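A.B. asks: Quick one, structure for this:
(5 chains)
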Amino acid sequence: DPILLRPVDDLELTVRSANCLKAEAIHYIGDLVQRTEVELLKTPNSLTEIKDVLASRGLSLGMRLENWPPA
Amino acid sequence: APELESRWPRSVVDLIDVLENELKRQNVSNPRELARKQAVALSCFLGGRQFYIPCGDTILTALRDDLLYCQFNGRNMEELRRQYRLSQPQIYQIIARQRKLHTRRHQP
Amino acid sequence: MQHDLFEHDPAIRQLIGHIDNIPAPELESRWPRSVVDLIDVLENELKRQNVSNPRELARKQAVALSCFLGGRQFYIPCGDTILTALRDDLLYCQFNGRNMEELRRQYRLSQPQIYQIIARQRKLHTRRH
Amino acid sequence: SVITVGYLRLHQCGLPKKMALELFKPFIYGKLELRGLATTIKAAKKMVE
Amino acid sequence: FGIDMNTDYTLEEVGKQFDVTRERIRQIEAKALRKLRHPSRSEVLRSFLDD
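C.D. replies: Numbering: from 1, shown residues only, chains lettered A, B, ... in the order given. This is the structure:
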């Protein structure tokens, strides 16, 4: 998959979501797609603009990936 | 005496050391000789002319600015504001600017 | 011991050591035009000395130059004075206070001139610290 | 130069390489300028030296 | 400098043509002298210092 190796910078997302995600120091896309929706909602300020862009880019949270990160 | 120094080359001398302390700090071989030839180029480059040198940290802002964007980690907006004595507007501006900068780097 | 200008203010010193993480073309875009004319000129002599990283090193001198003379009114002479100044500086350094006669043969300058040279660089070697 | 024997073909002569650069020297200057290898003709003279 | 002319014109001679200003024309001269000394057009000219 040519997207797991690309960092978070390729989302063109909102400033609120961009600020919220990097508070936990996320650098790649794979760890976003690793965590499920039931823990990322504890961060203040987000629940209404990730699913649409993920579907537009053909990705979804909750799936499992082994050997991650592959370094 | 000051007017005598007005056209004095003392400024030339003052500079070889300005070059020295960075070259010695960066640890290159042979400070003095490198810096004098280094000055001679400026002399020929800038002989007998009015020149505005960017004054009063203006360059140092750009380097102060780069480090701050590196240490901006998303929720410490107060932390780097004390430690640079800057203000909320300054922080926001530098943040957005360097964000666009890196986005041009990651994106083609 | 790191005894020199950037020793007094490490903040400027660390900034000088932070330009490596920023590549040149974007950083020079934000800089005033004048220092851009400086850096390539400082670069021009550098490759003539066959020193590595001409772009990287040339930036380091430019920022330090702006650091001190930023805020200061600076004049430059040109012509024979420069190597006269260069000769004066070598005379001051070679001058160990015991080889003045050696310099009298190395530079062959009138006795009052030698004192003027010795005195003058002494002022230049006092204001820095 | 002195004359020595040639394996050579009927339309060829063996010309010493040391003489050739001297005889054609303007030709090398021009060709080397055209190739853009040296900025000026004096630089080309330095190269042939 | 008298390029492509029978003679060169001094500062007074060129003043009566364009402007009697002395320092102005002198500093335009210095402007040109720096603009030529930049290592973007001086690369070829630097090869003529040996002569």
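
A.B. asks: Show the residue spans covered by the helices in chain E.
C.D. replies: If DSSP state H is used as the criterion, the helices of chain E fall at E:11-15, E:22-37, E:42-45.

A.B. asks: And these: which comes nearest residue A:29?
C.D. replies: Taking C-beta to C-beta, helix E:42-45 is the member of the helices of chain E nearest to residue A:29, at 46.6 Å. Every residue, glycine included, has its C-beta placed from N, CA and C.

A.B. asks: hmm, back to that, TSV please, covering the helices of chain E and showing mean neighbour count and distance to chain D.
C.D. replies: Putting these into TSV (neighbours: other C-beta atoms under 10 Å in any protein chain shown; distance: least, C-beta to the nearest C-beta, whole Å) gives the following:
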stretch	mean neighbour count	distance to chain D
helix E:11-15	12	31
helix E:22-37	13	16
helix E:42-45	12	5
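
A.B. asks: Adding distance to chain A, write those helices out as TSV.
C.D. replies: TSV is the format used below for the helices of chain E (distance: least, C-beta to the nearest C-beta, whole Å):
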stretch	distance to chain A
helix E:11-15	58
helix E:22-37	41
helix E:42-45	39
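
A.B. asks: Give the helix, strand or coil label for the residue in chain B that chain E sits nearest to.
C.D. replies: At 4.7 Å from chain E, residue B:49 is the closest residue in chain B, using C-beta to the nearest C-beta. Here residue B:49 is recorded as coil under DSSP: H, G, I helix; E, B strand; the rest coil.

A.B. asks: What separation do you get for it and residue B:63?
C.D. replies: Note on residue B:49: its distance to residue B:63, by C-beta to C-beta, to the nearest Å, is 28 Å.

A.B. asks: And the two? Which one has more around it.
C.D. replies: Legend: neighbour count by other C-beta atoms under 10 Å in any protein chain shown for residue B:49 and residue B:63, higher for residue B:63 (22 against 14).

A.B. asks: Wait, the more buried one touches residue C:64, no?
C.D. replies: No. Applying C-beta atoms under 8 Å as the test, residue B:63 and residue C:64 come out as separate, 11.3 Å apart.

A.B. asks: what is in contact with those two at once?
C.D. replies: Shared contacts of residue B:63 and residue C:64 (C-beta atoms under 8 Å, 6 or more residues apart in numbering or on different chains): residue C:16.

A.B. asks: is stretch B:74-83 anywhere near chain A?
C.D. replies: Yes. Residues of stretch B:74-83 contacting chain A under C-beta under 8 Å from any C-beta of the partner chain: B:74, B:75.

A.B. asks: Next, the buried residues of that stretch.
C.D. replies: For stretch B:74-83, the neighbour count (16 or more other C-beta atoms under 10 Å in any protein chain shown) marks residue B:80 as buried.

A.B. asks: what's next to it, contact-wise?
C.D. replies: Residues outside stretch B:74-83 that contact it (C-beta under 8 Å, 6+ apart): A:19, A:20, A:22, A:23, B:68, B:71, B:72, B:86, B:87, B:88, B:91.

A.B. asks: quick one: the closest residue to chain A within chain E from residue B:14, how far?
C.D. replies: Relative to chain A, the nearest point of chain E is residue E:40 (34.8 Å; C-beta to the nearest C-beta). Distance of residue E:40 to residue B:14, computed by C-beta to C-beta: 29 Å.
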